[PDB]
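Coordinate analysis (summary)
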Amino acid sequence: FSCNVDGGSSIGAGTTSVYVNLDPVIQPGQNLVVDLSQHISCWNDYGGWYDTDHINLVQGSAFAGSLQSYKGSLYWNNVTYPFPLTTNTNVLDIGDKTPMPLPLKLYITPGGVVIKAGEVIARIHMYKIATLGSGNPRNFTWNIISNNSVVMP
């Protein structure tokens, strides 16, 4: 099982920065959408659903810093969850060699500075376990970083 970010080199475990470009100016009350499907993809090395991998996001994943006071929601694989996660998300099955964009979106409800450029705005813990044997479990952490500032007028 492997993942990559923006077509980068394969990732087997660990913490990885995921850089996003956001609307730099948002109005009061309007929600910020952070689409992550366009940035992170994962795949099964076998294919044919042989040793299918089970993937979920993990309880405790939350905003960082900063947006700790912010409330929001997280979309994962046909279910939306309050964010920060107080439970695990549902499990996504990956058993094809075809890279699968993570079905993942982050929704953020906000002086005028909402997001600071270059800061970690969310820490998303992802868990992997395979079907074969003990499962070879692996932990991933995606540190979501905005390339640009987002402000309110």
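Figured I'd write up the structure that's included with this text.

**Some details on the pairing of strand β11 (residues 104-109)**
Alternating residues of β11 divide into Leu104, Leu106 and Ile108, all buried, and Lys105, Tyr107 and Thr109, none buried. As judged from the four bridges shared by strand β3 (residues 32-35) and β11, these two strands associate in the antiparallel manner. From the neighbouring strand, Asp35 faces β11, where its bridge partner is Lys105. Bridge count for strand β7 (residues 71-76) against β11 is six bridges, and the pairing is antiparallel. Within the sheet, the bridge partner assigned to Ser73 lies in β11 and is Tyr107.

**Focus on the state of the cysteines**
Scanning the entire structure with this criterion turns up one disulfide. One disulfide in the model links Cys3 with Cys42; its S-S distance is 2.0 Å. Taking the sign of the S-S torsion, about 100 degrees here, the bridge from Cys3 to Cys42 comes out right-handed. Placement of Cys3 in strand β1 (residues 2-5) and of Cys42 in strand β4 (residues 40-43) is noted, with a sequence separation of 39 residues between them.

**Some details on unusual backbone geometry**
In this model, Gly65 is joined to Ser66 through a cis peptide bond whose omega is 0 degrees. Considering the arrangement of structural elements, one finds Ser66 in the loop between β6 (62-63) and β7. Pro84 follows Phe83 through a cis peptide bond whose omega is 10 degrees. With respect to the element layout, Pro84 can be found in the loop between β8 (79-83) and β9 (92-94). Phi at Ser66 is positive, roughly 130 degrees, even though this residue is not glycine. Given the relative accessible area of 34%, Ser66 is considered partly exposed.

Parameters and conventions
- The residue numbers shown here are sequential, starting from 1 for each chain in the order of its written sequence. They can differ from the numbering used in the entry, and residues that have no coordinates are not displayed.
- Values reported for side chains reflect all heavy atoms of the structure, with hydrogen atoms and water molecules removed beforehand.
- Residues with missing side-chain atoms are left out of burial classes, side-chain pairs and their counts.
- Exposure categories follow from relative accessible area, calculated using a 1.4 Å probe and restricted to protein chains: below 20% of the type maximum is buried, above 50% is exposed, and the middle band is partly exposed.
- Secondary structure elements follow DSSP: runs of H or I of four or more residues count as helices, runs of E of two or more count as strands, with numbering from the N terminus.
- Pairing between two strands requires that DSSP report at least two bridges joining them.
- Two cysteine sulfurs form what is called a disulfide whenever their separation falls within 2.5 Å.

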